[PDB]
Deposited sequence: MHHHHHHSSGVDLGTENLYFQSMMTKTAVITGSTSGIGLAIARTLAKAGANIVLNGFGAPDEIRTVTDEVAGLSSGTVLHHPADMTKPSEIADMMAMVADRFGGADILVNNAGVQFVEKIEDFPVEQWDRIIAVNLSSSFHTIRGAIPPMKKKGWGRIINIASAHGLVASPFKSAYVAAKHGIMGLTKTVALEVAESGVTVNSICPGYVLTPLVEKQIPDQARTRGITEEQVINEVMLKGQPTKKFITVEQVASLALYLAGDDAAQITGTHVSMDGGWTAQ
């Protein structure tokens, strides 16, 4: 179980981030949701996760492109819960175009959400995790964090950077009970397995890396791509 523990999951209003929220909720953790969503959808999902967690579930709308707003969520968490115990970064935007025609606006935007946000999100979560002497940081990347595909430059570039970000931080905090890891999924609903990875599966992996058994797994990436990177 995950009682008293508090989890902050960016991009958790839909798909993977949401699937992760539901599992960590079933296990009794407090969940801070986040991300784009019509008011109707934000309340629906928020009340849905709430009805799973014995703890406190609540949503925060920090735009991952605004480092100031991200500090808000990171600060309100320190206040409300006394620091996040689990930090999973799932916020991610995309855009496909060949580099020589890739909007600079789109580049800066993709790097903000797919890379820099994890920075702002981690730099804020670390201190309380150090003090408490325990922590779990789990970045949701992608196969494109290990290998590339054409016309996805900004994307690919950010997942590779997230790799390096993970490796560094993990070293920095190795001796503090905190682990920093990455999950690289394939096509979630090139893949030898010929099947979509389901958000429920991806979530189970997150759940594992959060357990105390995965204390000695740090600074690494776990590929779940059905044999994608195996070639």
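Residues of the deposited sequence that lack C-alpha coordinates fall in the stretches 1-21, 211-239.
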